């Protein structure tokens, strides 16, 4: 038997998602979020190497009619950004929870994951 990886998807009430693989969290905005924003025209992504705390503003998204800040769902360090979004920010509309992911981070405190919503709780939250 081999050491089990940690794999979960979590959500925030600010309509962000976090896909976790051991210590690496991939973060983006949910389908619900992109629906509210409309056609995305511009993304500002975080800088790789940046140390962030849960709640800090790490990205900005601008659409035709609106704008939203993206908050760090967890504490840790930015390790990768989705550079293709600088040229193709509409991938956020096309596939917000897949291809349109924003950044990946190495997390510092796994206990923070227990503060986020699971998929059932999030789907309920959106429905309500």
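Numbering follows the first chain given and starts at 1.
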query: Looking only at CA atoms, which has the higher mean B factor in the entry: 25-33 or 87-95?
result: 87-95
query: When the C-alpha temperature factors are averaged for each of 107-115 and 8-16, which stretch ends up with the higher value in the entry?
result: 107-115
Identity of residue with top Cα B-factor, from 41, 59, 66, 74: 66
Chain-relative CA temperature factor third for residue 48: highest
